[PDB]
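Peer 1: Give the three-dimensional model of this entry:
(3 chains)
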Amino acid sequence: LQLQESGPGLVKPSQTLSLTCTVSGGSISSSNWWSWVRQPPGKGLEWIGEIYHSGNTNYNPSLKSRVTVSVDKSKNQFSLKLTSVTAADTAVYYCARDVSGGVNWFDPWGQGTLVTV
Amino acid sequence: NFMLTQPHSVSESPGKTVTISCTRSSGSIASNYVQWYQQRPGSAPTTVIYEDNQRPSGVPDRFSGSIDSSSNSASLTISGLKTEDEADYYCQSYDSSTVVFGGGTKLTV
Amino acid sequence: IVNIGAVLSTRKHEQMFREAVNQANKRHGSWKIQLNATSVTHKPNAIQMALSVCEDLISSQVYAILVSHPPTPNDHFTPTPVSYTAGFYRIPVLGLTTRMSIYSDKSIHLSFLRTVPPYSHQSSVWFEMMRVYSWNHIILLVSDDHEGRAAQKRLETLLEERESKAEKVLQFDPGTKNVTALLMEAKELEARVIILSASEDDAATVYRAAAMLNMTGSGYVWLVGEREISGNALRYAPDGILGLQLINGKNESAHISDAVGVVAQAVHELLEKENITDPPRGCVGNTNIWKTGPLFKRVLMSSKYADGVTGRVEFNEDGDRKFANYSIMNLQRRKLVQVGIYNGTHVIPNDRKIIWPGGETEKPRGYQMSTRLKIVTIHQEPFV
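Peer 2: Numbers count the residues shown, from 1 in each chain, chains lettered A, B, ... in the order given. See the structure here:
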């Protein structure tokens, strides 16, 4: 399974990014999650949300009313929408599915997408 | 929610033992699991340590991880430093609210 | 004049209690009835705590006592010395954040009240949730203690009215780390429930059994209480288990306000009566309880005041609570989210999502039939 992330390419101020992370060699129908990792330039890393096909998803308590993620199984696709994304929301989005194990573990890590707002 | 502290930078001669400590300020990191990721310049990050007892298949046997269990800190020890080890080390942990990642440390050869 | 002392944890809680009692005094007519409160902190040594509490509160001729669990993690030593010392007389003691089943036997503690659901409500809400799942194959693991036996007895007396067979039961004993034979006993059965009633870390041990007997997946749901999803037991646990927990748990200021309001109501109700004495002072020179000791407790049971912070704070015959609330969550990739809202035979579960510890969504139907027959006979020439 491989993840190819291509973004819209528009990074104009006061916009919402919705990157398409296609899955090659794998099927959307599974018990796995698909989480987004947000990396600001010259800083650490943090988790902003995830998508799971069979229902509820937990994005973040800080931006619960600001990030909404949906998934379409037929196209093997999943998209996000950051509501009221500020000018400081310029970062890198990476799509990593999961590791089952016994706890959360992001592996493998996709190439992600680059947005410079 | 909580935060994790990491040293700003480290320097060590190649072929030596390098120890990186990631401390948890709030609570106690003794029951939940922690992991150690590695990021190359211009490439996607790659995990190096999981479950603090083993390593992913294909990773060098030099890398080792342990939990202090006293100061609520996780120690990553790498023996026999090499030029290929020049990368960024991150410590990641999870809780019942969110999942947090460490600031990161870089070693200079 | 009257006074109502209490035993709190921190000085901030003492200031909150002072503000609450001042507000309560500001309420009502306050005619010939003034209630100034006093407080005292905790101590490490239980003997010192008991001696200090008697010599301080008893000497002040109090009419009620409030006790709360100290901020130290785990353990349950909070009410026992105060309850035993104040249990010599009949001055009632009000619990604040002490949920344990040992304080339900009125023979042991003959004067003890609280407003927190004991763990009998745990089994009651378990039965309430299970009445609608339509499985009728109850099997549970119980630690050999007071809490586990009480929970199992509550489950049995809840199923006695419904007239249903609760399959079998497992007893893994307390303070053990090698429990797998019980898992093999529960391996072959038509009862597809892994209901658990353990003592914290002990559950973790049998939790490891879940990782050893490979029974988790595509069935065998789990049901645990609030104390079984705290500490290492939560960490060494599989996802998909229903995270039952008691809801406004670690909140005391609202509980303090409710307690002072109900105490004031009870005092005002009791004041309009015949001649009333005062509890003795000294902790040394008095060995007799006052005449109307249990009368205050009895009138306190029948005191209802559904206006403080929450719903009807009603005391039943046992004296624990009635009509409380429960929020049952689930461990769906950790991050417990409430899925069930309970208030007493009126469950209104959240429809966020339902996930079972098998990576699926459909409720595992707990039934097996088998056509394996075991004929037996003795030989008989024309027939056998």
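
Peer 1: which residue packs closest to residue 66, ignoring adjacent ones?
Peer 2: All of this is about chain A. residue A:83 (4.6 Å; Cβ to Cβ, 6 or more residues apart in numbering or on different chains). C-beta here means a position set from N, CA and C on the backbone, and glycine is covered the same way.

Peer 1: look at chain C instead
Peer 2: Spatial nearest neighbour of residue C:66, excluding adjacent residues (Cβ to Cβ, 6+ apart): residue C:6 at 3.6 Å.

Peer 1: Over to the one you found: give its phi and psi.
Peer 2: Main-chain dihedrals, residue C:6, degrees, to the nearest 10: phi -160, psi 160.

Peer 1: and the host helix or strand of residue C:18, what does it pack onto?
Peer 2: Per DSSP states H and E: residue C:18 is located in helix C:11-26. On a contact count with 3 or more Cβ pairs under 8 Å, 6 or more residues apart in numbering or on different chains; DSSP states H and E, helix C:11-26 meets strand C:35-36, strand C:39-40, helix C:253-271.

Peer 1: what about the longest one, distance to the chain center?
Peer 2: Its chain's average C-alpha position is 22 Å from that of helix C:253-271, according to Cα atoms, centre = their mean, to the nearest Å.

Peer 1: List the buried residues for it?
Peer 2: Residues C:255-267, C:270 are the ones in helix C:253-271 that count as buried (16 or more other Cβ atoms under 10 Å in any protein chain shown).

Peer 1: Now render those as CSV, adding distance to residue A:117.
Peer 2: As requested, those are exported to CSV (distance: Cβ to Cβ, whole Å):
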residue, distance to residue A:117
C:255, 48
C:256, 49
C:257, 49
C:258, 50
C:259, 54
C:260, 54
C:261, 54
C:262, 57
C:263, 59
C:264, 59
C:265, 60
C:266, 63
C:267, 64
C:270, 69
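
Peer 1: Make CSV from those residues and add distance to chain B to it.
Peer 2: Shown next, in CSV, are these (distance: Cβ to the nearest Cβ, whole Å):
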residue, distance to chain B
C:255, 24
C:256, 27
C:257, 28
C:258, 28
C:259, 30
C:260, 33
C:261, 33
C:262, 34
C:263, 36
C:264, 38
C:265, 39
C:266, 39
C:267, 42
C:270, 45
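
Peer 1: which residues sit in contact with the most centrally placed residue in chain B?
Peer 2: Nearest residue to the geometric centre of chain B (Cα atoms, centre = their mean): residue B:36, 4.0 Å. Contact partners of residue B:36, counting by Cβ atoms under 8 Å, 6 or more residues apart in numbering or on different chains, are B:47, B:48, B:49, B:50, B:63, B:65, B:74, B:76, B:89, B:90, B:91, B:92.

Peer 1: from those, which is closest to chain C?
Peer 2: Nearest to chain C, judged by Cβ to the nearest Cβ, of the contacts of residue B:36 is residue B:92 at 14.1 Å.

Peer 1: Do I have it right that the residue nearest to residue A:66 meets residue A:16?
Peer 2: Yes - here residue A:83 reaches residue A:16: they are 7.1 Å apart, a contact under Cβ atoms under 8 Å.

Peer 1: Neighbour count for those two, which is higher?
Peer 2: Neighbour totals were compared for residue A:83 and residue A:16, and residue A:16 leads with 15 against 10 (other Cβ atoms under 10 Å in any protein chain shown).

Peer 1: so where do the strands sit in chain C?
Peer 2: For chain C, strands defined by DSSP state E occupy the ranges C:2-3, C:5-7, C:35-36, C:39-40, C:65-67, C:93-95, C:113-114, C:140-142, C:169-171, C:195-197, C:223-224, C:242-246, C:326-330, C:337-342.

Peer 1: which one of these has the most crowded surroundings?
Peer 2: strand C:195-197 (a mean of 25; mean count of other Cβ atoms under 10 Å in any protein chain shown).

Peer 1: Counting by contacts, list what that one packs against.
Peer 2: Using 3+ Cβ pairs under 8 Å, 6+ apart, strand C:195-197 sits against strand C:140-142, helix C:146-162, strand C:223-224.

Peer 1: Quick check: buried residues in stretch C:361-370?
Peer 2: Under the neighbour-count criterion of 16+ other Cβ under 10 Å, stretch C:361-370 has C:364, C:366 buried.

Peer 1: measure the residue lying closest to residue B:3 once chain neighbours are set aside to residue B:102 for me?
Peer 2: Counting by Cβ to Cβ, 6+ apart, residue B:3 lies nearest to residue B:25, which is 5.6 Å off, once chain neighbours are set aside. Counting by Cβ to Cβ, to the nearest Å, the separation of residue B:25 from residue B:102 is 12 Å.

Peer 1: Need the residues touching each of those two.
Peer 2: Shared contacts of residue B:25 and residue B:102, counting by Cβ under 8 Å, 6+ apart, come down to B:4, B:5.

Peer 1: These two: who's more crowded?
Peer 2: Between residue B:25 and residue B:102, residue B:102 has the larger neighbour count (other Cβ under 10 Å), namely 24 against 10.

Peer 1: Can you tell me the element the nearest residue to that one once chain neighbours are set aside falls in?
Peer 2: Nearest non-adjacent residue to residue B:102, counting by Cβ to Cβ, 6+ apart: residue B:91, 3.5 Å away. Assigned by DSSP H and E, residue B:91 falls within strand B:88-94.

Peer 1: show me what contacts residue 97?
Peer 2: Looking at chain A here, since you left the chain open. Contacts of residue A:97 by Cβ under 8 Å, 6+ apart are A:1, A:3, A:23, A:32, A:33, A:34, A:35.

Peer 1: try again with chain C
Peer 2: Taking Cβ under 8 Å, 6+ apart as the contact definition, residue C:97 lies against C:68, C:69, C:116, C:250, C:252, C:255.

Peer 1: can you do 7 Å?
Peer 2: Counting by Cβ atoms under 7 Å, 6 or more residues apart in numbering or on different chains, residue C:97 touches C:68, C:69, C:116, C:252.

Peer 1: how much space between it and chain A?
Peer 2: Distance of residue C:97 to chain A, given as Cβ to the nearest Cβ, to the nearest Å: 25 Å.

Peer 1: What spatial separation is found between that residue and residue B:78?
Peer 2: 47 Å.

Peer 1: And residue B:12, by the same measure?
Peer 2: Residue B:12 is 9 Å from residue B:78, by Cβ to Cβ.

Peer 1: Comparing the two, which shows the higher neighbour count?
Peer 2: residue B:78 (21 against 15).

Peer 1: Would you mind naming what in chain A lies close to chain C?
Peer 2: Residues of chain A lying close to chain C (Cβ under 7 Å from any Cβ of the partner chain) are A:31, A:33, A:54, A:55, A:56, A:58.
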